[PDB]
Amino acid sequence: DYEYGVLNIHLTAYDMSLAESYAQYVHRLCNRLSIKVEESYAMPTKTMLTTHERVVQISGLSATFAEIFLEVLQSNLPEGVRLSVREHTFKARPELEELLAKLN
Amino acid sequence: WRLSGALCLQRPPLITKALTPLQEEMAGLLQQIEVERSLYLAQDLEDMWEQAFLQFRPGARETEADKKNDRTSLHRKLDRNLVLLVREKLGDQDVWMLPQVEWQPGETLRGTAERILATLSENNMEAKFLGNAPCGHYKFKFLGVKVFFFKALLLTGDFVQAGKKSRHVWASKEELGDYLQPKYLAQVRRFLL
Amino acid sequence: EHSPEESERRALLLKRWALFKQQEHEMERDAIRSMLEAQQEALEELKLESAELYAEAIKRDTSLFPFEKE
Amino acid sequence: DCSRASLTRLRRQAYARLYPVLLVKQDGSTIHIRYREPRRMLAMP
RNA sequence: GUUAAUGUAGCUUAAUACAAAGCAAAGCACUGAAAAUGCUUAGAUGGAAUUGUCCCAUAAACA
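Here we summarise the structure given alongside this text.

**Looking at the nonpolar core**
Across soluble globular proteins, nonpolar side chains show a tendency to be buried alongside one another.
In step 1: Core analysis: the largest hydrophobic core is formed by 35 residues, its most contacted members being A:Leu11, A:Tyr22, A:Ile58, A:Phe69, A:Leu73 and C:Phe65.
In step 2: Mapped onto this core, the elements with two or more residues apiece are β1 (7-13), α1 (16-32), β2 (52-58) and α2 (63-76) of chain A together with β1 (19-24) and β2 (32-35) of chain D.
In step 3: With 7 residues, the top contributor of residues to this core is α1(A).
In step 4: Core analysis: the next-biggest nonpolar cluster, separate from the first, contains 27 residues, B:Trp103, B:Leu109, B:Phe150 and B:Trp170 among them.

**As for the packing of helix α1 (residues 21-37) of chain B against helix α1 (residues 4-49) of chain C**
In step 1: For the pair α1(B) and α1(C), the least separation of the axes is 11 Å and the interaxial angle reads 125°. With respect to α1(C), the axis of α1(B) lies oblique. The crossing of α1(B) and α1(C) is left-handed. Where α1(B) approaches α1(C), its residues B:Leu22, B:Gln23, B:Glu25, B:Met26, B:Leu29 and B:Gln32 are matched on the opposing element by C:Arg10, C:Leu13, C:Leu14, C:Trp17 and C:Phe20.

**Side note on the protein's contact with RNA strand E**
In step 1: Lining the immediate surroundings of RNA strand E are 21 residues, of which A:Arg32, B:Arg37, B:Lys183, C:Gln22 and D:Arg11 lie closest.
In step 2: For RNA strand E, the fraction of protein-proximal atoms (within 4 Å) that sit in sugar or phosphate groups is 80%.
In step 3: The side chain of C:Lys15 places a nitrogen or oxygen atom 3.3 Å from a phosphate oxygen of RNA strand E.
In step 4: The contact in question runs from a base oxygen of RNA strand E to an N or O atom on the side chain of D:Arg12, over 3.2 Å.
In step 5: Contributions of two or more residues to the surface near RNA strand E are made by α1 of chain A, α5 (183-186) of chain B together with α1 of chain C.
In step 6: Looking at the surface near RNA strand E, the element that brings in the most residues is α1(C), giving 9 residues.
In step 7: Tallied by class, the residues present in the surface near RNA strand E amount to 4 nonpolar, 6 polar and 11 charged.

**A closer look at the environment of A:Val55**
All names here are of chain A.
In step 1: With respect to the helices, strands and loops of the structure, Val55 is situated in strand β2.
In step 2: Separated by 29 residues in sequence, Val55 and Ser84 place their C-alpha atoms 9.3 Å apart.
In step 3: When sequence neighbours within four positions are dropped, the list of residues in contact with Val55 reads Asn8, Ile9, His10, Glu39, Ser40, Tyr41, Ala42 and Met43.

**A few points about a nonpolar patch on the surface**
In step 1: Taken together, the side chains of A:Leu99, A:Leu100 and A:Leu103 make up a nonpolar region of the molecular surface, amounting to roughly 280 Å² of accessible area.
In step 2: Mapped onto the elements of the fold, A:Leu100 is located in helix α3 (residues 93-103).

**Focus: the sheet that holds strand β3 (residues 41-43) of chain D**
Two pairing modes exist for strands in a sheet, parallel and antiparallel, and in both the strands are linked by backbone hydrogen bonds.
Residues and elements named next belong to chain D.
In step 1: Spatially, the 3 strands line up as an open sheet ordered β2-β1-β3, and their pairing is mixed. What marks the edges here is a single partner per strand, and that holds for β2 and β3. Going across the sheet, the axis of each strand differs from the next one's by a mean of 40°, ignoring polarity.
In step 2: For β1 and β3, the ladder comprises 3 bridges, and the chain directions are parallel. Bridge pairing in β3 places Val24 opposite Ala43.

Cut-off values and rules
Residues numbered from 1 in each chain as written, not as in the entry; some residues may be left out. Chains lettered and ligands numbered in written order. Part of a larger assembly, values for the part shown. Heavy atoms only, no water. Core = buried A, V, L, I, M, F, W, Y, C linked by side-chain atoms within 4.5 Å. Buried < 20%, exposed > 50% of the residue type's maximum accessible area, 1.4 Å probe, protein only. Helix = DSSP H or I, 4+ residues; strand = E, 2+ residues; numbered from the N terminus. Axes fitted to C-alpha atoms, helices over the stretch in contact; angles between N-to-C directions. Parallel < 35°, antiparallel > 145°, perpendicular 65-115°, else oblique. Left-handed = near helix turned anticlockwise from the far one by under 90°. Contact = heavy atoms within 4.5 Å. Near = heavy atom within 4 Å. Polar contact = N/O pair within 3.5 Å; in protein donor to acceptor, adjacent residues only side chain to side chain. Nonpolar A, V, L, I, M, F, W, Y, C, P; charged D, E, K, R; others polar. Patch = residues over 30% accessible without salt bridge, like charges linked within 9 Å, V, L, I, M, F, W, Y side chains within 5 Å. Areas by Shrake-Rupley, 256 points an atom, 1.4 Å probe, with all protein chains shown as cover. Salt bridge = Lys/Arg side-chain N within 4 Å of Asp/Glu carboxyl O. Pairing = 2+ DSSP bridges.

By themselves, these figures tell us nothing about what the structure is for.
Structure representation (structure tokens):
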């Protein structure tokens, strides 16, 4: 019994618009699947032509869940979209006051 | 107890299916609105580029047109996944079976699962395992017996001698019921994609 | 400017598409449900047969990821 | 299925109209893309 | 054949009344995504008792 680490997916596609559709589409599927998405950040253009790469954060997975989920990505993965799987690497006033008591 | 293991291999579809007509009309609709909301001899160039498309042929979405009968070939289907399927004969049964092998406690399911990949294919085919969790289990009694159905994906296939004397048949979904009648073998669709 | 019948026809095909998409979700969810049920069913059966194998199986593979799929 | 998210549309307020072109790959495969000019196809080198 | 059956729409032990209900789910619009919000979508009591078991349709295993 072990829990997978939070793994980012770098979605690299020629067109951002197609990349955006898949990123949102996987997100909504992720939300239905109870996959938490902390961030959906986008990398800078690969200027030389250009290409667009978008990160959809995926946090939490199970061995059975991963096997079924990863395959579903294959079918969902649309025309000329390249997947990627990688392991992952200012607090406001109300938070500050609570922490002060803890460390005092 | 009679320990027997088996593997439900999966082959990715290389080329995507074409869009349905209902999608095609929707594509026109989204394109039309896109032009509306967008912010605002070339014919010879179009002719040069259109023939450039013609001269270089694209990979056929289905490589079946030439074959029409190559069940034993790894490229049975392209738009959908394939499953290895080999005839087997038992002492008390003679049925078309998913590739089966004998396993021992010394070998883990993955070790047997790896052996299934190359034992009944006697080639350098390349497949990948995602997890050790199995996908099916079916028991037939005459004496205790059990068959474990695993799952794997075919990265690439170096299937030399496509015309083997063995009866290996690649089926996506149509031939599963045709070849595997009993639920113990006709229910393989439950964990098949 | 588009005619009202043209909008009506485009709305109707959109209505068909919305109904078609609803059928897609039912088909995809049922397809996923069968896949999950089969995977869950496989979990139940072998655990009865031998829980020891699953104890090893439930352990993750550190080298499995990063995994790239086209 | 690849057709689940194949039908997509631009999500930008203001921009010059984009035209569809085919990017012919080195293995012959083709993919639809949106390009600034009304070209017909592209060739991967 | 015996089990086990599964039997208002994804869900509900909503309902049988003066309605076959509520919720989940879906499309479009709204530009980070998601959510929210507005305008839209598609539906079922197998069918009883009697409720807070048949009953045959169906039904693997028993057989």
